[PDB]
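**Q** What follows is a structure written as structure tokens; I'll ask about it next.
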Protein chains: 4
Amino acid sequence: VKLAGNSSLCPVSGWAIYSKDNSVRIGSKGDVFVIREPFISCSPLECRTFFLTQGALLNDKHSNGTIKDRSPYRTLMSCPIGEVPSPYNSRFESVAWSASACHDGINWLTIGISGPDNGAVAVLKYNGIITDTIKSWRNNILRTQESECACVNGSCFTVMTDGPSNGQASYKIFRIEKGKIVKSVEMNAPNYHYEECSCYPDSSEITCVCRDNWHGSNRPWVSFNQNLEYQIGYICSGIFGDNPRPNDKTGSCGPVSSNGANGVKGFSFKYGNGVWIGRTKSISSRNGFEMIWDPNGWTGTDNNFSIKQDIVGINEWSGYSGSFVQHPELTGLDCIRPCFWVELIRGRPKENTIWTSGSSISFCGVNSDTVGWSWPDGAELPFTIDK
Amino acid sequence: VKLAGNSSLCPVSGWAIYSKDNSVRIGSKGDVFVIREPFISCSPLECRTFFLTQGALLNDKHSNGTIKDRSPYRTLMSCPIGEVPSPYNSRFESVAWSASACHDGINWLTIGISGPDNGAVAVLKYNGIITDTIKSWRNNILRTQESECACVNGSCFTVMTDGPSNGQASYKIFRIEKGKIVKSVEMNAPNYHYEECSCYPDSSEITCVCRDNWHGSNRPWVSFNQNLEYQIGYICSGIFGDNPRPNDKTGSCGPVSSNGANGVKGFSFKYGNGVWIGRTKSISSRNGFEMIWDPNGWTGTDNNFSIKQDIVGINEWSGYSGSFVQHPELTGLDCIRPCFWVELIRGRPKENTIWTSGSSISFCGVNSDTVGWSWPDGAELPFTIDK
Amino acid sequence: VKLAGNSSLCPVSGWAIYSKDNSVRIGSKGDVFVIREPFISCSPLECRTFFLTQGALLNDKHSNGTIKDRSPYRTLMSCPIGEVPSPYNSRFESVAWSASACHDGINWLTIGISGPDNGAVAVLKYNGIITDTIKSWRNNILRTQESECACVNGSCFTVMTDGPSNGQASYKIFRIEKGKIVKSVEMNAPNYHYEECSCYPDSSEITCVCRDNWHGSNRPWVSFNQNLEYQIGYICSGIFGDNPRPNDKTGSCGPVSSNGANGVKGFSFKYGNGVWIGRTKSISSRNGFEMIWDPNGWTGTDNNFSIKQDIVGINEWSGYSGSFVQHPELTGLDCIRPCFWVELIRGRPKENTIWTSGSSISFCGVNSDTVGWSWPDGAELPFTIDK
Amino acid sequence: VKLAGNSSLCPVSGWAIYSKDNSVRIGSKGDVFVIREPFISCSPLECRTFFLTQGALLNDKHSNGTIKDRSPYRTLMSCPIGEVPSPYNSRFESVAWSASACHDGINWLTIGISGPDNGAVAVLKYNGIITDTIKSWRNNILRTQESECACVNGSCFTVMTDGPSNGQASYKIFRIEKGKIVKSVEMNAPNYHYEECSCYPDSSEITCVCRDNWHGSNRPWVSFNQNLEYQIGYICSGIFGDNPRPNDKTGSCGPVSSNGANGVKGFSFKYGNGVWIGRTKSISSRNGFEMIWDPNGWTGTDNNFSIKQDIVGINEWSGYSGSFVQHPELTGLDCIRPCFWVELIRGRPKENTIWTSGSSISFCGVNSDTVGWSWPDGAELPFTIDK
Ligand SMILES: CC(=O)N[C@H]1[C@H]([C@H](O)[C@H](O)CO)OC(C(=O)O)=C[C@@H]1NC(=N)N
Ligand SMILES: CC(=O)N[C@H]1[C@H]([C@H](O)[C@H](O)CO)OC(C(=O)O)=C[C@@H]1NC(=N)N
Ligand SMILES: CC(=O)N[C@H]1[C@H]([C@H](O)[C@H](O)CO)OC(C(=O)O)=C[C@@H]1NC(=N)N
Ligand SMILES: CC(=O)N[C@H]1[C@H]([C@H](O)[C@H](O)CO)OC(C(=O)O)=C[C@@H]1NC(=N)N
Ligand SMILES: *[C@@H]1O[C@H](CO)[C@@H](O)[C@H](O)[C@H]1NC(C)=O
Ligand SMILES: *[C@@H]1O[C@H](CO)[C@@H](O)[C@H](O)[C@H]1NC(C)=O
Ligand SMILES: *[C@@H]1O[C@H](CO)[C@@H](O)[C@H](O)[C@H]1NC(C)=O
Ligand SMILES: *[C@@H]1O[C@H](CO)[C@@H](O)[C@H](O)[C@H]1NC(C)=O
Ligand SMILES: *[C@@H]1O[C@H](CO)[C@@H](O)[C@H](O)[C@H]1NC(C)=O
Ligand SMILES: *[C@@H]1O[C@H](CO)[C@@H](O)[C@H](O)[C@H]1NC(C)=O
Ligand SMILES: *[C@@H]1O[C@H](CO)[C@@H](O)[C@H](O)[C@H]1NC(C)=O
Ligand SMILES: *[C@@H]1O[C@H](CO)[C@@H](O)[C@H](O)[C@H]1NC(C)=O
Ligand SMILES: [Ca+2]
Ligand SMILES: [Ca+2]
Ligand SMILES: [Ca+2]
Ligand SMILES: [Ca+2]
Ligand SMILES: [Ca+2]
């Protein structure tokens, strides 16, 4: 039965651990896909991990040069949450080097993007049957969330970007029903840069927090209702949420240009003026991960904050992070539950290997007791294939 | 419920990618089967890849000599589409060095041929229970589709061949109900040659686009109704569909004698006088893949066409291709949906290995935007076991 | 719903091939159990392979010594017919160095004998739950069918043997209901020897063909009814069933003493005074396999016969062989369908390895065309673990 | 339906072997989790083995140092009884270096503890959804059963411990409904020590037999009803159940201090004044396992017993052990069947390897015959990774 999507977000005081797959540790001996850009999505029955394979296994030669982002071998697959991504336990979803997925309560919708950099095509599938396509309109790397899309009342919403990664690009919001694109809209957003949006449903409204690769080290947000009427802004908190970023100082309601180029995929959950900010501990590279509660972070520009929970220690490897939710239909609760995941990138460029891959951890928001710790990857690199 | 088969083949403008298994790249380290002759068939609930294994895993010594077509070791097996053929995720079907399979909407029918070239016998299983057999009637390598068979309203149809591959052979058309051969017609087709027929339902009638190993570098076709009343012909288009073949020029409505000896198994979708042709990019070897829409190719003999979509690059290994459909029962559509797959042959006789295996890719037709690319095998040869 | 057991054996002219797993070949790389004593039994829904693992993998140090018949590491496991027996696809049944299994149409019954040679205990499970045991009554290797028990009207029947192999031992029949033993009878068989019976239902009565390891080169048989009233004898046919055996001569209704010591597990199907005989092709060793129809060979001492179908050629390894049946409730037929499996033993003591394991092929009785051939194991010995 | 747990515990005279996984043997070559602390729990439909992985595989470098008790890499996982703990056959439960699990008849409840030693948080999942948490209240290694919690009429019960391992600590009992902690009680147990309780239901009440790591060589117990009203004491039998322990002699209803320090997880079944004691055969180290019937052991301090049964030999490594039950809803009996499992520890600290892992065996109480034997782990150490 379809997901109502009309409840508010559970107010949550801390983050309890939900999963860890240990993929790279196990992959040293096991048959584990080289993957990256992993994410989690839940259905009214199960929660799955979705990932982009590199069409190759760990500690094998075809993991050579897998730092590369796009190829015709990359595919989106999924497995149950907490299990290593394996040829022997993973469902095939689509051929993709950029992807999103979610479940309307009835069926899985997956969006996979493959093809040339200047002509990429997005394949929408509803219950594994192709239902639509969307072709690149700016002819410069069509790309999407690498996180769950968001479903409200039988409709599913996503953001896509085409254009430069180092200047003004174009951003469309899609509304999908049964894998059919039924409405789209181009955000008129001069000086904003949106990428890899982390989008969640909250009171029949979608909110997305994204990646400014052009010139923002804080995150841009876009929010919109079912009719794709949208609002936009930047998270005003001087506790910056991108990577790279400056040391915390007074923030902006626009893109903080200082250390704003490049970035990483991230998320934040909005509660009124308050915001839960997921972020790396290191300001210069993908190490560490922490969760911060700033009661005025969404719209205030100061950097004072209340709560910090540690998730990955400063000296340990992190990467992408995304939001995922559990709906009352699955949870039984009166509200939609905030969760987040963290990719733990290993290999190139930071380590001396011929390959890049990641594992994952995940957390769900609660009001009961919670603890900070460090849950890093744990693999001893380099592996045998590097010698 | 059983598949109606009564609707018309969906009009398609371009092909969107559906699956890529990366079977060979992953076979480097993983436990994957040496396979060839893969193909895809759907039930109303799921789509599956079928394949003949060589009863052997990749990068093991038992892949030695796997260029050989027939042995008592080959078994027909299947796994969910897009996944790698591994003995951990594969379902056993039959013992076979030539096969066919299809689902009538109720249960899977499979046909596996094994035994000596002198008098091989086909075994028919319905829900995995032997339900009929048929023995060679010319004592010269009884062989069938290596493709999905077609089903319309409870009856399933396939095409078998017995006899020379380099001259006149015998051709039988079968009607199969619940696993039992209930009718067969011997085809009166002197100077026609049919092997490895790709067959699909289209308005309660079946169309087969097959291979002429004898003396045609265009493709033989046979249409028939439920009572196995048939019409035979050849694809008239000057965009010759076989491999090997001559350069494109004036077509013929009989077999195109030039470079007609030998062949690859292939497919085509008929649309009035038009034809959607899928073929190799090279005219001399199993390399490259492309779809061509010839608006008059079924009946006309020019080599003119209106659309070309690139599937596999010219310089990269391809091989077999075959048709498959997705019925309204599976899709919700009011038409039978045309799809296809391409086997990607690796190793012998073209490459310096001790083995021959294949990976697969597949596409389904749409009217929405699409793009041509190259989605090749990707593995680096030779492997550890060749060295 | 219960297996009826009330219908007759299907008359069958020949044997169509049904499964081939390629276990030892695949085991050269893939993670495959070293097993032996495999056998097939079918529920009214699926057919499974039961095997006795040695609790080790192929090509690993622990396969060392696997010629050993008994140990505390041997477990009875289960996998889908034709698939390779591995930790990744097999189901745990019982701890066992001698076993039996059969489905009554409601649930699986399993019988797993383990423990010391001088006081073994058979554990009976019904639907995975233990439901009875029985202690050795002769304190010399309590041992049983190594092949499917036969079921009629909700009761399941088996034969077990306890005592010496070099002479006269003791033999009991059992009627098991819901995994409870409800009746047991000791066969009064002075000068008969019974081991590893292949038992099949047929017109509500059980017929077992067994193994004389003591002094009989033709095969002993017990027939009984639902009340365990029984008749015994030997297969009269001059076509000697057991191996080792003499060359074919005139036979006897009692134990043929010429080459009567030792033996191999085997099977045969009775049809009136006729008999279908499955046996090795060699008279000295476990090589070859062939099926033979002697229309009077059940009661007639003549060495004539009218059908010989090749299964495994004389120069190839074979070994154990048993009967398995398929009931109407699974096939929709109007009778009980005979089928058999052959185990293909590789390694010690005939081949220079540190291990003994085996693969399996199976056939089912049909009335349409069949051919004979050779379907051997086909692995190249010795393995890496032997070098 | 939800388990009643109102029947009494089925009285038994011996223990028949139920399952053996052969983990470390299979792990030599195959992809098997480095684990420890395994336990069995059962739903009304199936039986599963839970285990605490070390986020690594046997015979891989990542198993290095796996003698450490707690780490971020440790996760609670489960698989079907008797299958090896594999990335390919095993399910993710939660992240845990301490755990319990049980099934109320409707859904699996899991508890996983992770975090710092001074801050560990127990996360509770019901059907894989986080439903509660409980944090360390004494800041000293929060820990739980390492076996199945017991279930009664929709409520599940567990015991937890926080505090010193070598002195007075804090013990608490919990009532869990659908994953919600509904009631908890702190035991007033001065001069007692509780850890790793084995808890079973018996006539709508809960009996836990535990471990005194402080100063007790016999095991403590705590019985309680659904309302969390409890009585406490120590197993009075002079046949001591802990390890290390001193020589069997006269017992005590309080802490027997000789060798009292330290211990090993165990179990025992109460039968009026009678006790079924499971214990290692060595008094100094985890070697061997035996079952012993002391008809007055619960309340009488003499060291006489009626039955002893050999499980694992003295010259073989044992390890942990615990109870598990098979409710009438699963077996069909009218009592709650007692069953136990034994962890067979291999590697450090007792052997020359870099790793530690455990295999397992299980037994079920019967009334029919059994046999004493020795089903030891059977692996040949060291492995290649230790060389
Ligand atoms: C489509 C694509 O390649 N997206 C990139 C992403 C991208 O380059 C930046 O956002 C710039 O626009 O960089 C990130 C990254 O790790 O920084 C990897 C992504 N990899 C893939 N999704 N495969
Ligand atoms: C039964 C059989 O061996 N069919 C052959 C096929 C055939 O020989 C030609 O069509 C000539 O008749 O050639 C093709 C081929 O790749 O050319 C491989 C097929 N291999 C398998 N189907 N196994
Ligand atoms: C219980 C037992 O050990 N059965 C033996 C069997 C036996 O030796 C003969 O029947 C003689 O008594 O021979 C066969 C055999 O290979 O000849 C192996 C069996 N091995 C196993 N089933 N484990
Ligand atoms: C939570 C924890 O660390 N538990 C320890 C346990 C513990 O040290 C003792 O009970 C005393 O406090 O000892 C046992 C043990 O081997 O004796 C291993 C346990 N390993 C795991 N549970 N992970
Ligand atoms: C939300 O959706 C439910 C289910 O359709 C509906 O009954 C209810 O009216 C809505 N309640 C709110 C405002 O959350
Ligand atoms: C990876 O690639 C480079 C060239 O692209 C090559 O030099 C190197 O040997 C490769 N590594 C492996 C192990 O294949
Ligand atoms: C949900 O879906 C239907 C689709 O027609 C729509 O009409 C209705 O307004 C929606 N109800 C809500 C917002 O709960
Ligand atoms: C064939 O197609 C028509 C139109 O879709 C449908 O109404 C009819 O039920 C089908 N016929 C049969 C016999 O199933
Ligand atoms: C395969 O067999 C060939 C002979 O055809 C032999 O030359 C080669 O060494 C073999 N390769 C392997 C690794 O088995
Ligand atoms: C097998 O057994 C023998 C005798 O114990 C031993 O010496 C040999 O090395 C073993 N082979 C293995 C374990 O590879
Ligand atoms: C256990 O509970 C069930 C349901 O209330 C009941 O039918 C049964 O008799 C009970 N047994 C007792 C009370 O011992
Ligand atoms: C395990 O631990 C020690 C210390 O890290 C190291 O010296 C040793 O080489 C390791 N062993 C392996 C094979 O990883
Ligand atoms: Ca940035
Ligand atoms: Ca040709
Ligand atoms: Ca004999
Ligand atoms: Ca005769
Ligand atoms: Ca103690």
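Ordered as shown in the structure tokens, chains take letters A, B, and onward, while each chain numbers its residues from 1 and ligands are numbered from 1 in the order shown.
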What residues in chain D have any atom no more than 10 Å from chain C when counting only C-alpha atoms, and can you write them as a PyMOL selection string?
**A** chain D and resi 16-32+45-47+80-90+326+330-333+361+363-380+383
**Q** Could you make a table, as a Markdown table, of the residues of chain A that have an atom within 8 Å of an atom of ligand 1, each with its nearest atom pair and distance in Å to one decimal, counting only C-alpha atoms and all ligand atoms, in chain and number order?
**A**
```
| residue | atom | partner | partner_atom_place_in_ligand_line | distance |
| --- | --- | --- | --- | --- |
| A:36 | CA | ligand 1 | 23 (N) | 7.5 |
| A:37 | CA | ligand 1 | 22 (N) | 6.2 |
| A:52 | CA | ligand 1 | 23 (N) | 7.5 |
| A:68 | CA | ligand 1 | 23 (N) | 7.7 |
| A:69 | CA | ligand 1 | 23 (N) | 4.1 |
| A:70 | CA | ligand 1 | 23 (N) | 5.4 |
| A:97 | CA | ligand 1 | 23 (N) | 4.6 |
| A:98 | CA | ligand 1 | 22 (N) | 4.7 |
| A:99 | CA | ligand 1 | 22 (N) | 7.6 |
| A:141 | CA | ligand 1 | 1 (C) | 6.3 |
| A:142 | CA | ligand 1 | 1 (C) | 7.0 |
| A:143 | CA | ligand 1 | 1 (C) | 5.0 |
| A:144 | CA | ligand 1 | 1 (C) | 7.4 |
| A:146 | CA | ligand 1 | 22 (N) | 6.7 |
| A:164 | CA | ligand 1 | 12 (O) | 7.0 |
| A:165 | CA | ligand 1 | 12 (O) | 4.1 |
| A:166 | CA | ligand 1 | 12 (O) | 7.6 |
| A:195 | CA | ligand 1 | 10 (O) | 6.0 |
| A:196 | CA | ligand 1 | 10 (O) | 6.8 |
| A:211 | CA | ligand 1 | 10 (O) | 7.3 |
| A:213 | CA | ligand 1 | 11 (C) | 6.1 |
| A:262 | CA | ligand 1 | 11 (C) | 6.9 |
| A:263 | CA | ligand 1 | 17 (O) | 6.4 |
| A:264 | CA | ligand 1 | 17 (O) | 5.5 |
| A:265 | CA | ligand 1 | 17 (O) | 7.5 |
| A:319 | CA | ligand 1 | 16 (O) | 7.7 |
| A:320 | CA | ligand 1 | 16 (O) | 7.4 |
```
**Q** Dump C-alpha atoms for the selected residues as a PDB file, in the first residue's frame?
**A**
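Produced file part21.pdb, reproduced below:
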```
ATOM      1  CA  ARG A  36      31.207   3.423  -4.609  1.00  0.00           C
ATOM      2  CA  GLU A  37      28.344   5.887  -4.269  1.00  0.00           C
ATOM      3  CA  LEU A  52      27.260   1.485  -8.080  1.00  0.00           C
ATOM      4  CA  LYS A  68      37.327   6.647 -12.488  1.00  0.00           C
ATOM      5  CA  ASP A  69      33.772   7.915 -12.056  1.00  0.00           C
ATOM      6  CA  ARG A  70      32.074   6.745 -15.240  1.00  0.00           C
ATOM      7  CA  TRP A  97      27.163   5.677 -13.177  1.00  0.00           C
ATOM      8  CA  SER A  98      24.670   7.959 -11.430  1.00  0.00           C
ATOM      9  CA  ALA A  99      21.516   6.749  -9.699  1.00  0.00           C
ATOM     10  CA  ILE A 141      27.067  14.916 -17.669  1.00  0.00           C
ATOM     11  CA  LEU A 142      23.469  14.426 -16.627  1.00  0.00           C
ATOM     12  CA  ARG A 143      23.612  13.213 -13.047  1.00  0.00           C
ATOM     13  CA  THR A 144      21.466  12.747  -9.961  1.00  0.00           C
ATOM     14  CA  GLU A 146      23.212   8.956  -5.508  1.00  0.00           C
ATOM     15  CA  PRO A 164      29.543  22.354 -15.534  1.00  0.00           C
ATOM     16  CA  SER A 165      30.791  21.210 -12.128  1.00  0.00           C
ATOM     17  CA  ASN A 166      32.738  24.467 -11.783  1.00  0.00           C
ATOM     18  CA  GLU A 195      24.453  18.307  -7.019  1.00  0.00           C
ATOM     19  CA  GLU A 196      23.819  14.913  -5.420  1.00  0.00           C
ATOM     20  CA  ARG A 211      26.372  19.699  -2.959  1.00  0.00           C
ATOM     21  CA  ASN A 213      30.810  22.066  -6.303  1.00  0.00           C
ATOM     22  CA  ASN A 262      34.650  20.804  -5.083  1.00  0.00           C
ATOM     23  CA  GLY A 263      32.802  19.139  -2.233  1.00  0.00           C
ATOM     24  CA  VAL A 264      31.255  15.902  -1.103  1.00  0.00           C
ATOM     25  CA  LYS A 265      27.772  14.491  -0.966  1.00  0.00           C
ATOM     26  CA  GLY A 319      33.194   9.801   2.220  1.00  0.00           C
ATOM     27  CA  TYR A 320      29.679  10.464   0.937  1.00  0.00           C
TER      28      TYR A 320
END
```
**Q** Taking only C-alpha atoms and all ligand atoms and a cut-off of 9 Å, can you tell me which residues surround ligand 8, written as a ChimeraX atom specification?
**A** /B:2-7,153,203-204,334-335
**Q** How would you report the residues lying within 8 Å of ligand 14, as number ranges by chain, if you count only C-alpha atoms and all ligand atoms?
**A** B: 211-219, 242-245, 259-264
**Q** Can you write out the residues you just picked, keeping N, CA, C and O atoms, as a PDB file, in the first residue's frame?
**A**
```
ATOM      1  N   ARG B 211      18.961 -17.706 -38.905  1.00  0.00           N
ATOM      2  CA  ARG B 211      20.289 -17.621 -39.487  1.00  0.00           C
ATOM      3  C   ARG B 211      20.432 -18.583 -40.660  1.00  0.00           C
ATOM      4  O   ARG B 211      19.975 -19.725 -40.572  1.00  0.00           O
ATOM      5  N   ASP B 212      21.043 -18.113 -41.754  1.00  0.00           N
ATOM      6  CA  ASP B 212      21.389 -18.951 -42.919  1.00  0.00           C
ATOM      7  C   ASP B 212      22.880 -19.280 -42.899  1.00  0.00           C
ATOM      8  O   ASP B 212      23.708 -18.492 -43.354  1.00  0.00           O
ATOM      9  N   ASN B 213      23.232 -20.453 -42.391  1.00  0.00           N
ATOM     10  CA  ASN B 213      24.640 -20.821 -42.342  1.00  0.00           C
ATOM     11  C   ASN B 213      25.162 -21.254 -43.707  1.00  0.00           C
ATOM     12  O   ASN B 213      26.376 -21.239 -43.955  1.00  0.00           O
ATOM     13  N   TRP B 214      24.214 -21.620 -44.574  1.00  0.00           N
ATOM     14  CA  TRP B 214      24.447 -22.165 -45.915  1.00  0.00           C
ATOM     15  C   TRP B 214      24.890 -21.131 -46.980  1.00  0.00           C
ATOM     16  O   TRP B 214      26.047 -21.123 -47.408  1.00  0.00           O
ATOM     17  N   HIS B 215      23.982 -20.275 -47.433  1.00  0.00           N
ATOM     18  CA  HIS B 215      24.325 -19.376 -48.541  1.00  0.00           C
ATOM     19  C   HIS B 215      23.579 -18.048 -48.559  1.00  0.00           C
ATOM     20  O   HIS B 215      23.281 -17.508 -49.619  1.00  0.00           O
ATOM     21  N   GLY B 216      23.298 -17.517 -47.381  1.00  0.00           N
ATOM     22  CA  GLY B 216      22.672 -16.220 -47.284  1.00  0.00           C
ATOM     23  C   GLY B 216      23.352 -15.358 -46.244  1.00  0.00           C
ATOM     24  O   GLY B 216      23.592 -15.792 -45.117  1.00  0.00           O
ATOM     25  N   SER B 217      23.676 -14.130 -46.626  1.00  0.00           N
ATOM     26  CA  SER B 217      24.212 -13.186 -45.668  1.00  0.00           C
ATOM     27  C   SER B 217      23.144 -12.145 -45.305  1.00  0.00           C
ATOM     28  O   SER B 217      23.417 -11.157 -44.614  1.00  0.00           O
ATOM     29  N   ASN B 218      21.925 -12.388 -45.768  1.00  0.00           N
ATOM     30  CA  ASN B 218      20.752 -11.754 -45.166  1.00  0.00           C
ATOM     31  C   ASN B 218      20.057 -12.810 -44.309  1.00  0.00           C
ATOM     32  O   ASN B 218      20.478 -13.970 -44.309  1.00  0.00           O
ATOM     33  N   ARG B 219      19.012 -12.437 -43.578  1.00  0.00           N
ATOM     34  CA  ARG B 219      18.377 -13.404 -42.665  1.00  0.00           C
ATOM     35  C   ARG B 219      17.078 -14.013 -43.175  1.00  0.00           C
ATOM     36  O   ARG B 219      16.184 -13.296 -43.621  1.00  0.00           O
ATOM     37  N   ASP B 242      23.381 -10.617 -41.391  1.00  0.00           N
ATOM     38  CA  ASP B 242      24.217 -11.691 -40.877  1.00  0.00           C
ATOM     39  C   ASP B 242      25.693 -11.262 -40.728  1.00  0.00           C
ATOM     40  O   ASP B 242      26.086 -10.154 -41.105  1.00  0.00           O
ATOM     41  N   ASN B 243      26.488 -12.158 -40.150  1.00  0.00           N
ATOM     42  CA  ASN B 243      27.928 -12.007 -40.033  1.00  0.00           C
ATOM     43  C   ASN B 243      28.563 -13.396 -40.168  1.00  0.00           C
ATOM     44  O   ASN B 243      28.320 -14.267 -39.339  1.00  0.00           O
ATOM     45  N   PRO B 244      29.407 -13.603 -41.192  1.00  0.00           N
ATOM     46  CA  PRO B 244      29.923 -12.587 -42.126  1.00  0.00           C
ATOM     47  C   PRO B 244      28.893 -12.076 -43.154  1.00  0.00           C
ATOM     48  O   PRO B 244      27.773 -12.584 -43.193  1.00  0.00           O
ATOM     49  N   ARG B 245      29.265 -11.066 -43.940  1.00  0.00           N
ATOM     50  CA  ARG B 245      28.396 -10.513 -44.991  1.00  0.00           C
ATOM     51  C   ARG B 245      29.216  -9.648 -45.953  1.00  0.00           C
ATOM     52  O   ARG B 245      30.393  -9.355 -45.691  1.00  0.00           O
ATOM     53  N   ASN B 259      29.070 -14.073 -49.674  1.00  0.00           N
ATOM     54  CA  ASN B 259      29.473 -14.223 -48.279  1.00  0.00           C
ATOM     55  C   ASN B 259      28.393 -14.871 -47.427  1.00  0.00           C
ATOM     56  O   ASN B 259      28.297 -14.613 -46.228  1.00  0.00           O
ATOM     57  N   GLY B 260      27.589 -15.720 -48.053  1.00  0.00           N
ATOM     58  CA  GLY B 260      26.474 -16.354 -47.383  1.00  0.00           C
ATOM     59  C   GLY B 260      26.864 -17.510 -46.496  1.00  0.00           C
ATOM     60  O   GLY B 260      26.126 -17.864 -45.576  1.00  0.00           O
ATOM     61  N   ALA B 261      28.008 -18.123 -46.774  1.00  0.00           N
ATOM     62  CA  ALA B 261      28.457 -19.241 -45.949  1.00  0.00           C
ATOM     63  C   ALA B 261      28.826 -18.737 -44.554  1.00  0.00           C
ATOM     64  O   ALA B 261      29.310 -17.608 -44.405  1.00  0.00           O
ATOM     65  N   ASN B 262      28.587 -19.587 -43.557  1.00  0.00           N
ATOM     66  CA  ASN B 262      28.765 -19.279 -42.137  1.00  0.00           C
ATOM     67  C   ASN B 262      27.669 -18.386 -41.559  1.00  0.00           C
ATOM     68  O   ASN B 262      26.669 -18.097 -42.210  1.00  0.00           O
ATOM     69  N   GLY B 263      27.848 -17.950 -40.324  1.00  0.00           N
ATOM     70  CA  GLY B 263      26.871 -17.048 -39.765  1.00  0.00           C
ATOM     71  C   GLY B 263      26.931 -16.815 -38.280  1.00  0.00           C
ATOM     72  O   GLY B 263      27.663 -17.469 -37.542  1.00  0.00           O
ATOM     73  N   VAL B 264      26.141 -15.844 -37.852  1.00  0.00           N
ATOM     74  CA  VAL B 264      25.960 -15.567 -36.444  1.00  0.00           C
ATOM     75  C   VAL B 264      24.454 -15.670 -36.187  1.00  0.00           C
ATOM     76  O   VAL B 264      23.648 -15.507 -37.085  1.00  0.00           O
TER      77      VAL B 264
END
```
**Q** List all protein, DNA and RNA residues that have an atom no more than 7 Å from any atom of ligand 12, counting only C-alpha atoms and all ligand atoms, and report them as a ChimeraX atom specification.
**A** /D:61-62,64-65,354,385-386
